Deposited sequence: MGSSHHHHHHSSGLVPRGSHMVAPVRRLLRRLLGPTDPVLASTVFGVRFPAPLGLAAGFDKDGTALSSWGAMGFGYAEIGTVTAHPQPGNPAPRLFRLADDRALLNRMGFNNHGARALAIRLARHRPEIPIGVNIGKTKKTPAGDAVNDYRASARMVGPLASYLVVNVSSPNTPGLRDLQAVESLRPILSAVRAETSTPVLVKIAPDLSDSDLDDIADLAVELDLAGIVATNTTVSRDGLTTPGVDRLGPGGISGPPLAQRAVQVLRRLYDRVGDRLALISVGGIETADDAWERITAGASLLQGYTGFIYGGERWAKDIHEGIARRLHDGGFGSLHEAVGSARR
């Protein structure tokens, strides 16, 4: 009955409790969060929960301040921006002044002007400035528009970065990886993440490949990462490899081409503890998150699952 229901919804929030879980020590009310690069400076922090996201990842943000084509035939996007943002310090100040009702992850990346060999201390400083307030921290070493950044995923470079971030804060630390890594790179990053006692891995960032695109005149468009369904196959493949290798030892967050509740359920069942999307929200609207979540809740209830956690990785056991 509506007057009551309106009070229940207002009081408890918009997602079914069955969706709630703890991941790396953090209570997430629902598994689909907003991926990085949308709320770059944390200017809509209080809106995300009312829009039916379980959490939001803010950034990428950099140690210093540094103040997009629709591909509709592919239901995809091509991103031409680097890390435009007001810096990690500015974000910390915003976060201190609250502190939304859902978890806020912070995504940190190397300031553009920082030389590669000074990358370690640039990540360290961002982590130090925002880590206390963030629910979790993600080291972005995978965005293609920042020159040289993907090179830091080689384990010889990555280790000192991840080690410095992880020693700086007891906030959970994750790493965000590219979709195009070799199998042996994926295995090695996975093992490094376990070895450094990180909380998890976010897979995947955008791809630079334009293979498969229908949208006409895509040739003409310049450099930039590709998002959306072009990533979906790889992102699931990468998820299943990591889950099989290291899924008992850290959490996996799956991102890349999630459009429908079916997409999302396949990721959970394949070993994703949490999800994100960016592209499908742009093509899909406010509904979008809220419809995906009702879809997951239905599949948990219909399957025998007393909780989300119980479903995670359930197709691989």
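Colleague: Just jot down which stretches of the deposited chain sequence have no CA coordinates, in the order they come.
Modeller: No C-alpha for residues 1 to 21, 89 to 94.
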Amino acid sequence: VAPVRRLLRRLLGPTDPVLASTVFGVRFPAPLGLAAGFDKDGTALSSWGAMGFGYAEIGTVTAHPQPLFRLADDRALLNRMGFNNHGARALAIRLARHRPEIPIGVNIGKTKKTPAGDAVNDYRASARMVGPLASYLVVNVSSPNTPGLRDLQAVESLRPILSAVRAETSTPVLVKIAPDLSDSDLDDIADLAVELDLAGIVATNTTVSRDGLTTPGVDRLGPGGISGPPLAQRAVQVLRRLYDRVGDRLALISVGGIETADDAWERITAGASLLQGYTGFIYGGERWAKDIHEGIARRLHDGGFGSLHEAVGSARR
From here on, numbers count along this sequence of modelled residues.
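Colleague: Mean Cα B factor from the PDB record: higher for 118 to 126, or higher for 180 to 188?
Modeller: Taking the mean C-alpha B-factor of 118 to 126 and of 180 to 188, the larger value falls to 180 to 188.
Colleague: If you take the mean CA temperature factor per stretch, which one wins between 225 to 233 and 212 to 220?
Modeller: Averaging CA B-factors over each stretch, the winner is 212 to 220.
Colleague: From the list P100, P144, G109, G105, select the residue with the highest C-alpha B factor recorded in the entry.
Modeller: Answer for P100, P144, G109, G105: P100, with the highest C-alpha B-factor.
Colleague: Among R267, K290, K40, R27, which residue carries the highest C-alpha B-factor recorded in the PDB entry?
Modeller: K290 has the highest C-alpha B-factor of those listed.
Colleague: Ordered by C-alpha B-factor within the chain, which third holds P132? Give me lowest, middle or highest, please.
Modeller: Highest third - that is where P132 ends up once the chain's C-alpha B-factors are sorted.
Colleague: Ranking every modelled residue in this chain by its Cα temperature factor as given in the entry, which third contains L308?
Modeller: Within its chain, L308 is a middle-third residue by C-alpha B-factor, going by the deposited values.
Colleague: In terms of the CA temperature factor given in the entry, to which third of its chain does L78 belong: lowest, middle or highest?
Modeller: Highest third, going by the recorded CA B-factors of the chain.
Colleague: Could you tell me which third, lowest, middle or highest, the C-alpha B-factor of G59 occupies within its chain?
Modeller: Lowest third of the chain for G59's C-alpha B-factor.
Colleague: Pull the Cα B-factor of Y278 out of the PDB entry and bin it into the chain's lowest, middle or highest third.
Modeller: Lowest third, going by the recorded CA B-factors of the chain.
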